[PDB]
């Protein structure tokens, strides 16, 4: 059989959040020891693959189920996260294979979090629909209001995509297939300076209906880097 995703990808700085009844989380170490299930597996094309049904368990402050990685700077402490200053970059390649009845899933994020671990709004959501990825960047740190939309069209269900999400000094740069857009979020709302952040990647299903079906998203490559000095 294929190597489990964490015995292939280096997942030593991710934990996995699942859509089972209990919304089980799989630790970095357990991922590295080969955790795999119906929700999380290496497919025949080598992809780390995330499956979640619309009927799945959901986290405390979301109505939607996920099979999704959550960045862990410290694999044993989810309260260790990064800030608006410096350069913080996630790069991935992936594809969305199957959608729920709503036709929408979220395949990558930056989630906000308070210093003490308390939940906060997402800053960036990569929303996939058949034919369109919308890289949404939240305007208000307090979670009110709406998002700035960044549309990348022509990306079909089953198409391989290359993505980057980068924060440098409170500006978000969102890229699909070499097309980069930028949103100055700290410039818009200084309150973002008060929040911390972490990356997410996987399958956050924007459908919780009993008859909604399920979704599958895939990752072929994945990297996160944090730096205090970037070179030309």
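Residue numbers count along the first chain shown, from 1.
Of the two segments, 4 to 12 and 221 to 229, the one listed with the higher mean B-factor is 221 to 229 (C-alpha atoms only). Checked against the record, the higher mean CA B factor of 135 to 143 and 119 to 127 lies with 135 to 143. Within the group 88, 91, 149, 79, the record's highest C-alpha temperature factor is found at 79. Looking at 49, 180, 38, 63, the one whose CA carries the top B-factor in the deposited record is 63. Split the chain's modelled residues into thirds by C-alpha temperature factor. Residue 188 is in the highest one. Per-chain ranking of the deposited C-alpha B factor places residue 209 in the highest third. Placement of the Cα temperature factor of residue 73 within the chain: middle third of the modelled residues, per the deposited record. Split the chain's modelled residues into thirds by C-alpha temperature factor. Residue 114 is in the highest one. In the deposited entry, the Cα temperature factor of residue 155 places it in the highest third of its chain's modelled residues.
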